[PDB]
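We name chains A, B, ... by the order of the sequence lines, and we start the count at 1 in each one. Note that these values count all heavy atoms, side chains included, but never hydrogens, waters or copies made by symmetry.
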Amino acid sequence: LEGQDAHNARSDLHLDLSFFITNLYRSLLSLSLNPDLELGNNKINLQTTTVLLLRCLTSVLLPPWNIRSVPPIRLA
Amino acid sequence: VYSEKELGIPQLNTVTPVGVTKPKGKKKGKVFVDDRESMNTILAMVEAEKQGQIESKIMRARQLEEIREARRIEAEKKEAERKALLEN
Amino acid sequence: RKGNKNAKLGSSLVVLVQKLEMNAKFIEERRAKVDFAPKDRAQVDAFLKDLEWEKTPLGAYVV
Amino acid sequence: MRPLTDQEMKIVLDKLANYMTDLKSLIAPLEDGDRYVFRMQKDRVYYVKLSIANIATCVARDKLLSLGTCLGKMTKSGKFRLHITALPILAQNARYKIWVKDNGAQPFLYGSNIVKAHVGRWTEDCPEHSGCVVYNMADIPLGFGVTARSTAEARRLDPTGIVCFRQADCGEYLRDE
RNA sequence: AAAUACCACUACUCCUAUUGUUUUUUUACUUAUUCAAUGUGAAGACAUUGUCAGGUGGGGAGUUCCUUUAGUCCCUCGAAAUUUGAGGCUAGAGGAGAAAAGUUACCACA
């Protein structure tokens, strides 16, 4: 969804990431108590789960597009 | 143009069944929707016609599947209530 | 309890978690009335020096 | 007081989905094993807690005047209409929302239609006749309505041109005083 | 309002002690009780459950009470003491039935 064409397609294509946002929100606590966070040019294939978590959180809270449109409730 | 409800037009049996119709000017028994599952199925249908047209076949299938699952859970809960009130 | 059958560990952990929840609640009521602006933190720096490790429900539990 | 029937629930949820995105959020269970339910007193629908409805059951029907939040009224012909009392729930779950300046917020509070001369922020990709909750520049829930044109048409529209049609504003609290 | 000298009574409020009764809260333990099994284990005096008095009942089944007025100053409850309030009685006036119905010098459209 952070690809440009998908971003412009968003409304027409009905591409909603609410499921992924909610899943990350519900899994934060389990990942926090997970003991294997640091047991580890690519943009997806990253070997460390904490690196993956920062990529997810950066995409959610600080998206490249519409950075000044993020819901304050989500941010808080 | 005048409404089919205003005009005394009889109901006609088609592929969509008329069912057991109710006599005119009499007590149409009120069935109440206060269950969380019944609200879920009505809500799922409402959101279906609100969203409408989807290009993705899998997305359309998932919309239909969530409506089907809502109906399945409603039927299960109603049958369970029937059993509960028939035995105990 | 959907494992093992170790009811001893089960009861020990259930009482542990109950006391942890009670202590968290206790902190809720005594912290609900503390001002913590980011340029004024006198109350939080003077929060609970005057209470000893046996008054808390978890203190009673541990002792 | 009584629960809503199937047709009544369908109509109420049709209006509510016309103005909102998520409705399972409204009917979802809470932490204490409680949920929000729908009730009807006289010709008005009330969005209420189940616990509150059950505890208010003891009040006589002719002496119960309000309960929870008044969501609207079912008309004589069987049509549901929302209210400025129902504005808050639309605020938590608004689909389309339009911001106005102070010089347009005061007219809207007087009961006028929103104009692009009053608008100061838009919602991108808004269909012609959709559901838009009207805010001021301080994100204060001010009202709700249906917009008259799409975003592109409103942008290319005359500065003195109707963009949204008013249905409810916060000035009705000065009606019922 | 009440006036103090004199000397008599009981009426509350706050404390103490033992020569005693109950009720409530917290905590502890199993015998009340709850759950699992078959040819004994866990929780716990809390839940659950039951009986009466009631409130609501647009849902299910069956059939076709309050308010005002005038009166005897006739009775009960509540209040204040040197008088009231609410009920009670006599007989006028208000409130086929959850499908919908009636109504408006009002609004919009036609």
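The six-membered base rings of E:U33 and E:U34 sit with centres under 5.5 Å apart and planes under 30 degrees, so these neighbours stack. Judged by ring centres under 5.5 angstrom apart and ring planes under 30 degrees, E:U82 does not stack on its strand neighbour E:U83. Neighbours E:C65 and E:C66 form a stacked pair of bases, judged on six-membered rings within the 5.5 Å and 30° limits. With centres closer than 5.5 angstrom and planes tilted by less than 30 degrees, the six-membered rings of E:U24 and E:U25 count as a stacked pair. Neighbouring nucleotides E:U72 and E:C73 do not stack on each other, since their six-membered rings fail either the 5.5 Å centre distance or the 30° plane angle limit.
E:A45 and E:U34 have their P atoms separated by 15 Å, given to the nearest Å. Between E:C74 and E:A70, the distance separating the two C1' atoms is 16 Å to the nearest Å. Distance check on atom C1': E:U69 versus E:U64 gives 31 Å, rounded to whole Å. Nucleotides E:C12 and E:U22 have their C1' atoms positioned 24 Å apart, rounded to a whole Å. Atom name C1', nucleotides E:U48 and E:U33: the rounded distance is 8 Å, in whole Å. E:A37 sits 44 Å from E:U23 when the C1' atoms are compared, rounded to a whole Å. Nucleotides E:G41 and E:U31 have their P atoms positioned 13 Å apart, rounded to a whole Å. Look at the P atom in both E:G85 and E:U72: the space between them is 16 Å, to the nearest Å.
Sugar pucker annotation for E:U16: north, assigned from a positive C1'-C2'-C3'-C4' dihedral. The torsion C1'-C2'-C3'-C4' is the criterion here, and for E:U10 it is negative, giving a south pucker. A negative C1'-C2'-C3'-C4' angle places the sugar of E:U104 in the south (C2'-endo) family. With a negative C1'-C2'-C3'-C4' torsion, the sugar ring of E:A45 falls in the south range. A positive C1'-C2'-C3'-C4' angle places the sugar of E:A32 in the north (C3'-endo) family.
Taking the six-membered ring where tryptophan is involved, the planes of D:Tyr47 and D:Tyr36 are essentially parallel, since the angle between them stays under 30° and well short of 60°. Below 30°, between 30° and 60°, or above 60°: for A:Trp65 and A:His7 the angle between ring planes is below 30°, a parallel geometry.
By the Watson-Crick or G-U wobble test, with both distances required under 3.5 Å, E:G55 and E:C29 do not count as a base pair. No Watson-Crick or G-U wobble pair links E:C14 with E:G59 with both defining distances under 3.5 Å. Applying the 3.5 Å cutoff to both bonds, E:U19 and E:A47 do not register as a Watson-Crick or G-U wobble pair. Between E:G41 and E:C35, a Watson-Crick or G-U wobble pair is formed, both defining distances falling under 3.5 Å. Under the 3.5 Å cutoff applied to both distances, E:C77 and E:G85 qualify as a Watson-Crick or G-U wobble pair. Nucleotides E:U21 and E:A45 are not base-paired: the Watson-Crick or wobble atom pairs do not both lie closer than 3.5 Å. The bases of E:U56 and E:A28 do not line up as a Watson-Crick or G-U pair with both contact lengths under 3.5 Å.
Atom CZ of B:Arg82 has 12 or fewer neighbouring heavy atoms from other residues, nucleotides or ligands inside a 6.0 Å radius.
Using a 4.0 Å cut-off between a side-chain N of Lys or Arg and a carboxylate O of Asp or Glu, B:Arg62 and B:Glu65 do not qualify as a salt bridge. Ionic pairing of D:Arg2 and D:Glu8 is present here: one or more N-O contacts between side-chain nitrogen and carboxylate oxygen are shorter than 4.0 angstrom.
Pair assignment for E:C74: E:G88, on the basis of Watson-Crick or G-U wobble contacts that are both within less than 3.5 Å. For E:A110, there is no paired nucleotide, since no Watson-Crick or G-U wobble pair has both relevant distances below 3.5 Å. The nucleotide E:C65 finds its pairing partner in E:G95, both defining distances of the Watson-Crick or G-U wobble pair being shorter than 3.5 Å. Under the Watson-Crick and G-U wobble criteria, each requiring two contacts below 3.5 Å, nucleotide E:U38 is left unpaired.
Of all nucleotides listed (E:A99, E:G58, E:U56), E:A99 comes nearest to the side chain of B:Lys27. Residue D:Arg61 has its side chain nearest to E:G57 when only E:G55, E:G57, E:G59 are considered.
Residue D:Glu8 is classed as having no contact, given no heavy-atom separation below 4.0 Å to the nucleic acid. Using a 4.0 Å heavy-atom cutoff across all strands shown, D:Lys76 reaches at least one base atom of the nucleic acid. Within the 4.0 angstrom heavy-atom criterion, base atoms lie near B:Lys30. Within 4.0 Å (heavy atoms only), C:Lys8 reaches no atom of the nucleic acid at all.
With a glycosidic angle more than 90° from 0, E:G54 adopts the anti conformation. An anti orientation is assigned to E:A96, its glycosidic angle lying beyond 90° of 0. Because its glycosidic torsion is more than 90° from 0, E:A43 is reported here as anti.
B:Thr14 and B:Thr16 are linked by a side-chain donor-acceptor pair at a separation below 3.5 angstrom, with hydrogens and angles left out of the test. A donor-acceptor pair shorter than 3.5 Å cannot be found between the side chains of C:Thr56 and C:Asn23.
Nearest-nucleotide assignment on RNA chain E puts the 5′-proximal partner with C:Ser11, out of C:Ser11 and B:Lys28. Along RNA chain E, the nucleotide nearest to C:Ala7 and the one nearest to D:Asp43 differ in position, and the one closer to the 5' end is contacted by C:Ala7.
Residue C:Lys5 places no side-chain N or O under 4.0 Å from the OP1 or OP2 atom of E:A36.
What separates NZ of D:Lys63 from P of E:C66 is a distance of 13 Å, to the nearest Å. For the pair B:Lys26 NZ and E:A99 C1', the interatomic distance rounds to 8 Å; values are reported in whole Å. The separation between D:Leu64 atom CG and E:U56 atom P is 12 Å, rounded to whole Å.
Every side-chain hydrogen bond (donor to acceptor under 3.5 Å, both in side chains) that A:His14 has, sequence neighbours left out, goes to B:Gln51. Listed by chain and number, the residues in a salt bridge (charged side-chain N to carboxylate O under 4.0 Å, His left out) with C:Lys5 amount to none (sequence neighbours excluded).
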